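> Residue numbers (the entry's author numbering), protein chains in the order written: chain A, 26 to 108; chain B, 17 to 27.
1. Is there a Cβ of chain B sitting closer than 7 Å to that of residue 42 of chain A, yes or no?
2. Residues of chain B with CB under 7 Å from residue 87 of chain A, in chain order?
3. Could you check what DSSP says for residue 107 of chain A in three-state terms: helix, strand or coil?
4. Assuming the contact rule is C-beta atoms closer than 8 Å, residue 75 of chain A and residue 55 of chain A should be a hit. Round their C-beta distance to whole Å, please.
5. For residue 58 of chain A, go through chain B and note every residue whose CB falls closer than 7 Å to its CB, in chain order.
6. Return helix, strand or coil for residue 28 of chain A, following the three-state DSSP convention.
Printed below as a string of structure tokens:
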């Protein structure tokens with residue numbers, strides 16, 4: 026089943042090329058991954074940590090940083106931004 | 017451990 030992103034998540038996915046209004050979780054994760062790489066939000070010395078405190082992604086997820094190794098927490102954060 | 021590799025392990 027497709028999901029519908031809330032307006033701010035949708036803005037972020039659109040900034041990396043997404044064109045739809047509805048997505049699979051696989052597509053949201055992909056785009057979110059592209060976004061973090063493009064804006065260089067990961068620590069280049071400690072790659073599993075994403076520092077989003079001064080970025081839109083911080084506003085979206087409500088956290089200053091997060092770990093890519095904490096899979097359950099990433100999905101929780103994404104889910105709050107889906108209808 | 018690279019971001020790209022590690023992110024691909026989410027699903």
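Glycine is no exception: its CB is placed at the ideal position from the N, C-alpha and C atoms.
To lay it out plainly:
1. Along the first chain, one-based indexing puts residue 42 of chain A at 17. With a threshold of 7 Å between beta carbons, residue 42 of chain A makes no contact with chain B.
2. Locating residue 87 of chain A in the first chain gives position 62, where the first residue counts as 1. What residue 87 of chain A touches in chain B: nothing, since even the nearest Cβ is about 19 Å away.
3. Locating residue 107 of chain A in the first chain gives position 82, counting from the first residue. In the three-state reduction of the DSSP assignment, residue 107 of chain A falls in the strand class, which pools E and B.
4. As a first step, residue 75 of chain A is located in the first chain; it is residue number 50 there, counting from the start. As a first step, residue 55 of chain A is located in the first chain; it is residue number 30 there, counting from the start. Residue 75 of chain A to residue 55 of chain A, Cβ: 15 Å. No contact.
5. Position 33 of the first chain, counting from 1, holds the residue named residue 58 of chain A. Those are 23, listed as they occur along chain B.
6. Taking the first chain and counting its residues from 1, one reaches residue 28 of chain A at position 3. Of the three classes helix, strand and coil, the one that applies to residue 28 of chain A here is strand, per DSSP.
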